[PDB]
Amino acid sequence: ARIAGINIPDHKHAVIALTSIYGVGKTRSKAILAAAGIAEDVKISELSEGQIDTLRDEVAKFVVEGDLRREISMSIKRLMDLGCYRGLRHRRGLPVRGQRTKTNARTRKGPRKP
Amino acid sequence: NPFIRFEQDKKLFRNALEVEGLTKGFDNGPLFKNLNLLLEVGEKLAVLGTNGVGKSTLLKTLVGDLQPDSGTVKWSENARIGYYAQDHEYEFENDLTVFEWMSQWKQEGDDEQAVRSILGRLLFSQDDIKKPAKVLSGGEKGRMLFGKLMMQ
Amino acid sequence: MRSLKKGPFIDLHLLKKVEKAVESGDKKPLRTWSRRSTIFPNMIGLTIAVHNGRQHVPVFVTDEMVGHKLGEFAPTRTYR
Amino acid sequence: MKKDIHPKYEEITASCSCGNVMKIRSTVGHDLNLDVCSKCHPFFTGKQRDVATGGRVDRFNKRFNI
Amino acid sequence: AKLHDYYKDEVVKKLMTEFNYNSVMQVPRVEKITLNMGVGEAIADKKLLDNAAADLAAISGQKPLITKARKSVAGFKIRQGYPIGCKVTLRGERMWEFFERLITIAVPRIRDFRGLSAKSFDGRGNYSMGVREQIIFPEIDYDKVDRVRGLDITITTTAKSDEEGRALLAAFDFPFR
RNA sequence: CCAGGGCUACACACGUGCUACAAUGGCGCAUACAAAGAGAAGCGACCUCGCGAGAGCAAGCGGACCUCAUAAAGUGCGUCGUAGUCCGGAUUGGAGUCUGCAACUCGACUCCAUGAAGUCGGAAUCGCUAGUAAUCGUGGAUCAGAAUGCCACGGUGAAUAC
Ligand SMILES: Nc1ncnc2c1ncn2[C@@H]1O[C@H](COP(=O)(O)OP(=O)(O)OP(=O)(O)O)[C@@H](O)[C@H]1O
Ligand SMILES: [Mg+2]
Ligand SMILES: [Mg+2]
Ligand SMILES: [Mg+2]
Ligand SMILES: [Mg+2]
């Protein structure tokens, strides 16, 4: 239907349709449906507007697409400009949890370039 | 020699299409009754008919010419289809010039340079770029249809 | 001390040393070999010097650096 | 004007979520409801409340359970 | 219009008392509002200029004029006659209506509202402003849009001083700093 | 002799492995069947608490009885219908638990969110002839904490040898 950012996917189970929201995964999507009184098996298409209306406000209790990306970028910016270790690792594009960079860490470094 | 080169945009996998229920007839009766076929990706079909057995209307149904008995015609998901129907007249029943007519489908990233190089590759000249579309020969219209199949 | 049940950690030598400093405020940079100790909000405005292995580098304290352990602000290994 | 070359311009009644009835002309033709306009916008408190993130001193002190 | 009668009723008195005028026809008044977009690139996609003109016409119900390159500047590969942008000039009733329906609903829709700067003046009392995007107007419904094209608005008034131009737009409840 | 750091550094290359790229599968509910092995500043039931790692009181046993310890592939039912997908789980932000003087360099694990490459892999190359390969789980040594490695056990169980 239409939720905070956008809810494109109809024809999918509601419990797994709200997972297209940047901030709702699987355990929260299960919780929100139970809180709003909607079961899990019921498809989003079958949902009359008397249900999705309560879904557009339930997500307001969790930080979501509208603000979540701003906070994460702000969160990373705080460490990057701080000068601490995890800021330095972000600055160079290297692993920040303290793991091997001798051979692995293709995901963080990037594609294999000579 | 026309430097025709067809290039895919986003390739697909597994089944290209699935068609079941195929039954349709207009006057004499159902030309084909309950035709079942499945096409994997990369397949090439050669569906020849010999003058009036549905050899073109089956393709028209597959591309979309509705109301068959077939209720289970289905395409792939990211599917993009290019169509070359045997009637090039209707697509040129219009007073559009050749180049602007080719410019109905310049995709996001294609410019004047690309839309005109795709026909310059087809040895069409800017000499001829200013002529109305409905004045080209049968082979010239057919090759322009390839110049349209390239774009999509 | 990596649990709320135990409590935030600082070494005794550092804890008594910082207490004397705030008694007279900001002074000459504090040289310390402690890197395993958290940063308490009682030493905001100091320029303590941690030892990365070969030298003492001065780390400036700020309200933002109040939950990070001291060694975080001294790169121990050089690179390019 | 120049005899029907412009998009159609007619009076519409676009209202806000806080009421706010306005008689305006627009080239939409379908009534619109939207967020708060400048008639009731938080242009004096929307900025004073924006600074809320920042400061780990109080976060450390609330974690001081020991 | 509504804002026109608001002006003629009360802003005349406000500015007259604030600047000790002696004639009605001496108070500064808005004379035109010109909103344009320089699409930059149309040589690549000649139709994108058409779409930009359509966006501007949707924003303000007047068919835009397509303004073409003046001199063949060599930096960006253009020559004389190339269509470069589109422009709409609004006067009278349409001017007042667009001014009102901008300042009331279109301005607050900008992300991270701050309030428009007070130093955006040319020095003769004429204001200029950007939007950085056009979705903030109620006339775009997320269907044909492909780019994030914006506008450039110049409110040209008969004010003869920067201070008078400040006060004229201040008296209209402008979102200033 | 001691405090701190390095042995964990990263434009790259090679070797041994784990996880996958899904429909002879993913998830949810319910439920059968093992063998071997360990334990005294040790194994830790029961009950309560915590969404969970786990915390509290806390029986039993130096042991064919007490604990680890609910085995899993499977079976029955339901949904997902070929999508980078209810496949994949890296990476990253935040919130935590346990050892341990001490977890930043540099531990394991848990909760929420994010969701990368990957849609059967070039030349080439490895193992296996029967309870074998393949596939699924449990245990032990080392060990305060910390294995996809090492050592050992069982369940299902092939194709082919002219
Ligand atoms: N709309 C129609 N009305 C009447 N008869 C039709 C119609 N469409 C097709 N037919 C007839 O049905 C048969 C289907 O012929 P079809 O259109 O497939 O042509 P073809 O000769 O098989 O091939 P091609 O069109 O590719 O040259 C022909 O006998 C044709 O006359
Ligand atoms: Mg030592
Ligand atoms: Mg080593
Ligand atoms: Mg890929
Ligand atoms: Mg161990």
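Residues numbered from 1 in each chain as written, not as in the entry; some residues may be left out. Chains lettered and ligands numbered in written order. Part of a larger assembly, values for the part shown. Heavy atoms only, no water.

K.L.:
I keep staring at the overall build of chain B and nothing clicks. Help me out?
P.N.:
Assigned secondary structure in chain B consists of 4 helices and 3 strands. For chain B, the sequential pattern of α-helices and β-strands runs β-β-α-β-α-α-α. Dimensions along the principal axes, computed over C-alpha positions, put chain B at roughly 50 × 35 × 25 Å. Burial status across chain B gives 30% buried among its 152 residues. Counted over contacts in chain B with a minimum sequence separation of 6, partners at least 24 positions apart contribute 63%. Taken as a whole, chain B presents about 10300 Å² of accessible surface, with 50% of it coming from carbon and sulfur. In chain B, which carries 20 positive and 23 negative side-chain charges, the distance between the mean positions of the two groups comes to 4 Å. (Helix = DSSP H or I, 4+ residues; strand = E, 2+ residues; numbered from the N terminus. Buried < 20%, exposed > 50% of the residue type's maximum accessible area, 1.4 Å probe, protein only. Contact = heavy atoms within 4.5 Å. Areas by Shrake-Rupley, 256 points an atom, 1.4 Å probe, with all protein chains shown as cover. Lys, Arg positive; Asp, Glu negative; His and termini not counted. Charge placed at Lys NZ, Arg CZ, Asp CG, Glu CD.)

K.L.:
Looking at this model, I keep getting lost on the arrangement of the chains. Mind explaining?
P.N.:
Among 6 pairs of chains with at least one contact, chains D and E form the most extensive contact set. If you take every C-alpha in chain B and every C-alpha in chain C, the smallest gap between them is 40 Å, and the two do not touch. With respect to C-alpha atoms, chain C approaches chain E no nearer than 25 Å, and the pair has no contact.

K.L.:
I keep staring at the protein's contact with RNA strand F and nothing clicks. Help me out?
P.N.:
Looking at RNA strand F, there are 60 residues lining it, with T101, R106 and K109 of chain A together with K6 and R77 of chain C nearest. Restricting the count to atoms of RNA strand F within 4 Å of the protein gives a sugar and phosphate share of 75%. For RNA strand F, a sugar or linking oxygen lies 3.5 Å from a polar atom in the backbone of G23 of chain A. In this structure, a sugar or linking oxygen belonging to RNA strand F sits 3.2 Å away from a side-chain N or O atom of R2 of chain C. At the level of secondary structure, the elements contributing two or more residues to the surface near RNA strand F comprise α1 (27-35), α3 (65-82), α4 (85-92) and α5 (106-109) of chain A. Looking at side-chain class alone, the surface near RNA strand F contains 17 nonpolar, 18 polar and 25 charged residues. (Near = heavy atom within 4 Å. Polar contact = N/O pair within 3.5 Å; in protein donor to acceptor, adjacent residues only side chain to side chain. Nonpolar A, V, L, I, M, F, W, Y, C, P; charged D, E, K, R; others polar.)

K.L.:
Mind showing me how you'd approach the pattern of salt bridges here?
P.N.:
Pairs can form between side chains of opposite charge whenever their charged atoms are close. By the definition in use, this model includes 14 salt bridges over all chains. Between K16 of chain C and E19 of chain C there is a salt bridge, and its shortest N-O distance comes to 3.3 Å. Here the residue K16 of chain C and the residue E19 of chain C both occupy positions in helix α1 (residues 12-24), the gap between them amounting to 3 residues, near one helical turn. Look at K16 of chain C and you get partly exposed, because its relative accessible area is 43%. Here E19 of chain C falls in the partly exposed class, since its relative accessible area comes to 41%. Through salt bridges with shared partners, one network takes in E31, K32 and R91 of chain E. (Salt bridge = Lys/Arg side-chain N within 4 Å of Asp/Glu carboxyl O.)

K.L.:
Would you mind showing me how to read the interface of chain E and chain B here?
P.N.:
Interface extent is often summarised as the accessible area lost during association of the parts. With 5 residues of chain E at the interface, the matching set in chain B holds 4 residues. Between chain E and chain B the total buried area reaches about 370 Å² when both faces are included, carbon and sulfur atoms providing 48% of it. Scanning the region where chain E abuts chain B turns up 0 salt bridges. One can count 1 residue pair in polar contact joining chain E with chain B. When the residues that make up the side of chain E that touches chain B are grouped by side-chain class, the tally is 2 nonpolar, no polar and 3 charged. (Buried area = accessible area lost by both parts, 1.4 Å probe.)

K.L.:
Help me understand the interface of chain E and chain D, please; the structure alone is not making it clear to me.
P.N.:
Contacts between the two partners involve 20 residues from chain E and, on the opposite side, 20 residues from chain D. Across the salt bridge formed by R25 of chain D and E93 of chain E, the nearest N and O atoms sit 4.0 Å from each other. Counting the contacts that link chain E with chain D gives 5 residue pairs in polar contact. Secondary structure elements with two or more residues in the side of chain E that touches chain D: α2 (46-59) and α3 (93-106) of chain E. At 8 residues, α3 of chain E tops the list of elements feeding residues into the side of chain E that touches chain D. Grouping the constituent residues of the side of chain E that touches chain D by class yields 7 nonpolar, 3 polar and 10 charged.

K.L.:
What is the right way to look at the side chain of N20 of chain D in this model?
P.N.:
Residues and elements named next belong to chain D. Inspection of the secondary structure puts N20 in strand β3 (residues 19-21). Its relative accessible area of 14% is what places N20 among the buried residues. In contact with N20, other than residues within four places in its own chain, are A14, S15, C37 and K39.

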